[PDB]
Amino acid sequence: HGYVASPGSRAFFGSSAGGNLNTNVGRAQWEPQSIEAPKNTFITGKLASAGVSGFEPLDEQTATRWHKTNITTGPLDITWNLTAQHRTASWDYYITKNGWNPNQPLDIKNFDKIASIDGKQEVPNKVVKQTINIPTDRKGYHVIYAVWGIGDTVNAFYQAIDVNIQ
């Protein structure tokens, strides 16, 4: 169990630690760390919730529904906080393509992978800091999809992150 704290994930922003910058987020208000589903679950319109019961409100998609963190292109520091550390296989990051439609359901086919970090089947610290590159053809509102792949289960944790690139 874990979430991306910086830039705050959509779920994290629903919690008091995240400033309640997103409202009406279901279970994310209290447990943004709990978006767990089998690896390679990418159901269109169910990316933000990973299809998990109680997280459905996260799946709404409009240009103005969610709080964005202002960022630039180039290097971006990602910080995870893990409430329950687990042996780790992988960390993968995706971002919406230039030209994507922010008023349509999220579809992984409209994202590119932009980073992949091997967990080496070790147990990470409770705070995990990584640096990824935001491609320079992205401007404005984009969604980063951060995926923590567990090493000793068939599951992963899924974190949609709303950013405004300028």
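Residue positions are given as counts along the sequence shown, with the first one as 1.
- Of the two stretches examined, 118-126 and 97-105, the record assigns the greater average C-alpha temperature factor to 118-126.
- For the pair 36-44 and 137-145, the record assigns the higher mean C-alpha temperature factor to 36-44.
- Remark: residue 6 belongs to the middle third of its chain, ranked by C-alpha B-factor as recorded.
- Per the deposited record, the Cα B-factor of residue 49 falls in the lowest third when ranked against the other modelled residues of its chain.
- In the deposited entry, the Cα temperature factor of residue 166 places it in the highest third of its chain's modelled residues.
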